[PDB]
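Taking it in order: structure first as structure tokens, then the write-up.
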Amino acid sequence: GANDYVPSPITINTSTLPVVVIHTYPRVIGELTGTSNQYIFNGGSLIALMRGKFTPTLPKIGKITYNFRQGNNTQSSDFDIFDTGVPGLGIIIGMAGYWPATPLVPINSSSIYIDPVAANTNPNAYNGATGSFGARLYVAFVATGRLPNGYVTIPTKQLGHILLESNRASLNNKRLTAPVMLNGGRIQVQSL
Ligand SMILES: OC[C@H]1O[C@@H](O)[C@H](O)[C@@H](O)[C@@H]1O
Ligand SMILES: [Cl-]
Ligand SMILES: [Cl-]
Ligand SMILES: [Cl-]
Ligand SMILES: [Cl-]
Ligand SMILES: [Cl-]
Ligand SMILES: [Cl-]
């Protein structure tokens with residue numbers, strides 16, 4: 001069908017955080033390996049102008065200034081810290097369009113357009129017409145309080161969802177949504 005786009009998750013893995021070798025709160029304690037999915041929305045037979053609105057759905061504890069080593073931003077920005085549920089550990093999130101020239105968008109509001117970033121100040125801006133919508137995902141872990149030594153399990157958490165919007169009413173009205181996931185895993189703290 002013309003509008004038969006279907007969602008697919010985009011996921012990033014706790015298991016890629018290096019060992020945290022250790023006091024200031026909050027502070028970033030490492031970055032996960034950034035991930036990407038070219039086909040978060042895909043499958044409709046008629047090309048469309050599309051955009052993705054990200055809404056985080058974990059508790060927001062506060063803000064921290066940061067500049068991802070990954071991505072190409074040269075200035076620090078404010079990021080919302082989201083509660084993993086594990087005491088002392090939060091995450092911050094950036095997202096971007098799929099292709100490398102689009103900028104990392106810090107998640108620091110209730111919702112934001114991750115691509116095109118122009119849509120945050122122009123409600124009629126969309127990606128150029130094509131058959132898919134993808135994105136890049138960046139996450140860093142944040143010490144929000146004192147951490148014990150040793151291994152810690154992080155549960156799998158849904159960080160939020162991307163809503164597909166379009167200037168084609170029939171596609172926009174479907175309110176297709178795709179999950180943005182933190183795959184759980186183990187981290188290790190070494191307190192010397
Ligand atoms: O840049 C807009 C879109 O271009 C397409 O060619 C890519 O497959 C999508 O991942 C991307 O969202
Ligand atoms: Cl993915
Ligand atoms: Cl990975
Ligand atoms: Cl992909
Ligand atoms: Cl950044
Ligand atoms: Cl969850
Ligand atoms: Cl229309």
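Identifiers in the structure tokens: chain A, B, ... in order shown; residue index from 1 per chain; ligand index from 1 in order shown.
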Give the residues close to ligand 1, within 7 Å, counting only C-alpha atoms and all ligand atoms; write them as an mmCIF file with N, CA, C and O atoms, in the first residue's frame.
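Produced file out30.cif, reproduced below:
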data_model
loop_
_atom_site.group_PDB
_atom_site.id
_atom_site.type_symbol
_atom_site.label_atom_id
_atom_site.label_comp_id
_atom_site.auth_asym_id
_atom_site.auth_seq_id
_atom_site.Cartn_x
_atom_site.Cartn_y
_atom_site.Cartn_z
ATOM 1 N N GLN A 38 18.798 2.425 9.245
ATOM 2 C CA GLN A 38 18.372 3.152 8.053
ATOM 3 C C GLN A 38 16.872 3.049 7.819
ATOM 4 O O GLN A 38 16.305 3.921 7.138
ATOM 5 N N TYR A 39 16.218 2.044 8.397
ATOM 6 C CA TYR A 39 14.835 1.700 8.059
ATOM 7 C C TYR A 39 13.983 1.607 9.319
ATOM 8 O O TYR A 39 13.336 0.596 9.597
ATOM 9 N N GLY A 97 19.630 12.382 12.132
ATOM 10 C CA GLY A 97 19.275 11.724 10.892
ATOM 11 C C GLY A 97 20.275 10.647 10.528
ATOM 12 O O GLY A 97 21.394 10.573 11.035
ATOM 13 N N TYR A 98 19.860 9.790 9.610
ATOM 14 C CA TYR A 98 20.680 8.631 9.276
ATOM 15 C C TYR A 98 21.990 9.044 8.636
ATOM 16 O O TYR A 98 23.069 8.522 8.988
ATOM 17 N N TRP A 99 21.929 9.953 7.691
ATOM 18 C CA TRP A 99 23.148 10.229 6.946
ATOM 19 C C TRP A 99 24.096 11.088 7.778
ATOM 20 O O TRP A 99 23.665 11.895 8.600
ATOM 21 N N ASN A 127 11.916 15.978 5.771
ATOM 22 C CA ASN A 127 12.950 15.442 4.897
ATOM 23 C C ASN A 127 12.478 15.482 3.447
ATOM 24 O O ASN A 127 11.278 15.435 3.172
ATOM 25 N N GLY A 128 13.438 15.553 2.524
ATOM 26 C CA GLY A 128 13.106 15.384 1.120
ATOM 27 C C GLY A 128 12.484 14.026 0.869
ATOM 28 O O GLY A 128 12.720 13.062 1.600
ATOM 29 N N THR A 130 11.332 10.455 -0.001
ATOM 30 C CA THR A 130 12.001 9.185 -0.228
ATOM 31 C C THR A 130 11.145 8.079 0.376
ATOM 32 O O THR A 130 9.990 8.307 0.776
ATOM 33 N N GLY A 131 11.674 6.862 0.372
ATOM 34 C CA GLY A 131 10.914 5.695 0.747
ATOM 35 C C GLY A 131 11.211 5.155 2.126
ATOM 36 O O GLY A 131 10.723 4.074 2.473
ATOM 37 N N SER A 132 11.979 5.873 2.940
ATOM 38 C CA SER A 132 12.353 5.352 4.244
ATOM 39 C C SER A 132 12.733 6.514 5.153
ATOM 40 O O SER A 132 13.049 7.616 4.687
ATOM 41 N N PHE A 133 12.705 6.248 6.461
ATOM 42 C CA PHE A 133 13.210 7.171 7.475
ATOM 43 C C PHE A 133 14.081 6.388 8.448
ATOM 44 O O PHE A 133 13.632 5.393 9.021
ATOM 45 N N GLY A 134 15.328 6.823 8.619
ATOM 46 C CA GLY A 134 16.229 6.211 9.573
ATOM 47 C C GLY A 134 16.836 7.242 10.514
ATOM 48 O O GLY A 134 16.536 8.429 10.448
ATOM 49 N N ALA A 135 17.688 6.749 11.407
ATOM 50 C CA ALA A 135 18.272 7.641 12.406
ATOM 51 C C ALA A 135 19.529 7.016 12.968
ATOM 52 O O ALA A 135 19.778 5.821 12.806
#
Hey, what does DSSP flag as strand (DSSP E or B) within region 44-163 of chain A? Can you give it to me as a PyMOL selection string? chain A and resi 48+50-56+60-66+77-83+89-97+105-106+112-115+130+132-143+150-154+157-163
Could you go through region 2-191 of chain A and tell me which residues DSSP, when run on the backbone, assigns to alpha helix (DSSP H), listing them as an MDAnalysis selection string? chainID A and resid 169:173
Nearby polymer residues, ligand 7, at most 12 Å, only C-alpha atoms and all ligand atoms, as an MDAnalysis selection string: chainID A and resid 2:3 46 48:49 165:173
Pull N, CA and C atoms from the residues just selected and write them as a PDB file, in the first residue's frame.
ATOM      1  N   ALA A   2       0.230   2.346  -0.514  1.00  0.00           N
ATOM      2  CA  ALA A   2       0.942   3.613  -0.665  1.00  0.00           C
ATOM      3  C   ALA A   2       1.526   4.083   0.660  1.00  0.00           C
ATOM      4  N   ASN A   3       0.800   3.854   1.750  1.00  0.00           N
ATOM      5  CA  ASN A   3       1.199   4.349   3.059  1.00  0.00           C
ATOM      6  C   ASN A   3       1.563   3.223   4.007  1.00  0.00           C
ATOM      7  N   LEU A  46       4.565   4.495  -1.950  1.00  0.00           N
ATOM      8  CA  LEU A  46       4.613   5.870  -2.419  1.00  0.00           C
ATOM      9  C   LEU A  46       5.593   6.663  -1.552  1.00  0.00           C
ATOM     10  N   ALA A  48       7.425   9.673   0.363  1.00  0.00           N
ATOM     11  CA  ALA A  48       6.812  10.668   1.215  1.00  0.00           C
ATOM     12  C   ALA A  48       7.892  11.574   1.794  1.00  0.00           C
ATOM     13  N   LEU A  49       7.488  12.802   2.075  1.00  0.00           N
ATOM     14  CA  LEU A  49       8.250  13.713   2.918  1.00  0.00           C
ATOM     15  C   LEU A  49       7.907  13.408   4.367  1.00  0.00           C
ATOM     16  N   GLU A 165       5.926  11.653  11.192  1.00  0.00           N
ATOM     17  CA  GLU A 165       5.039  12.688  10.693  1.00  0.00           C
ATOM     18  C   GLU A 165       5.314  12.889   9.215  1.00  0.00           C
ATOM     19  N   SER A 166       4.296  13.362   8.505  1.00  0.00           N
ATOM     20  CA  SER A 166       4.395  13.540   7.066  1.00  0.00           C
ATOM     21  C   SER A 166       3.467  14.677   6.670  1.00  0.00           C
ATOM     22  N   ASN A 167       3.768  15.332   5.536  1.00  0.00           N
ATOM     23  CA  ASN A 167       2.823  16.296   4.989  1.00  0.00           C
ATOM     24  C   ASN A 167       1.756  15.612   4.137  1.00  0.00           C
ATOM     25  N   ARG A 168       1.822  14.288   3.989  1.00  0.00           N
ATOM     26  CA  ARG A 168       0.711  13.510   3.445  1.00  0.00           C
ATOM     27  C   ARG A 168      -0.214  13.098   4.585  1.00  0.00           C
ATOM     28  N   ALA A 169      -1.443  13.614   4.556  1.00  0.00           N
ATOM     29  CA  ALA A 169      -2.347  13.438   5.686  1.00  0.00           C
ATOM     30  C   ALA A 169      -2.579  11.974   6.010  1.00  0.00           C
ATOM     31  N   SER A 170      -2.803  11.140   4.986  1.00  0.00           N
ATOM     32  CA  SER A 170      -3.129   9.738   5.223  1.00  0.00           C
ATOM     33  C   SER A 170      -2.012   9.025   5.963  1.00  0.00           C
ATOM     34  N   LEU A 171      -0.764   9.344   5.627  1.00  0.00           N
ATOM     35  CA  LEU A 171       0.371   8.758   6.322  1.00  0.00           C
ATOM     36  C   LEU A 171       0.541   9.362   7.715  1.00  0.00           C
ATOM     37  N   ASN A 172       0.451  10.685   7.817  1.00  0.00           N
ATOM     38  CA  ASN A 172       0.561  11.336   9.112  1.00  0.00           C
ATOM     39  C   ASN A 172      -0.477  10.801  10.100  1.00  0.00           C
ATOM     40  N   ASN A 173      -1.712  10.589   9.627  1.00  0.00           N
ATOM     41  CA  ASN A 173      -2.808  10.193  10.507  1.00  0.00           C
ATOM     42  C   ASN A 173      -2.608   8.815  11.119  1.00  0.00           C
TER      43      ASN A 173
END
Within 7 Å of region 175-188 of chain A, counting only C-alpha atoms, which residues qualify if same-chain residues fewer than 6 places away don't, as a ChimeraX atom specification? /A:7-15,17,19-20,40,150-164
Quote the spacing between CA of residue 34 (chain A) and CA of residue 189 (chain A) in Å to one decimal place.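 Atom-to-atom, CA of residue 34 (chain A) and CA of residue 189 (chain A) are spaced 21.1 Å apart.
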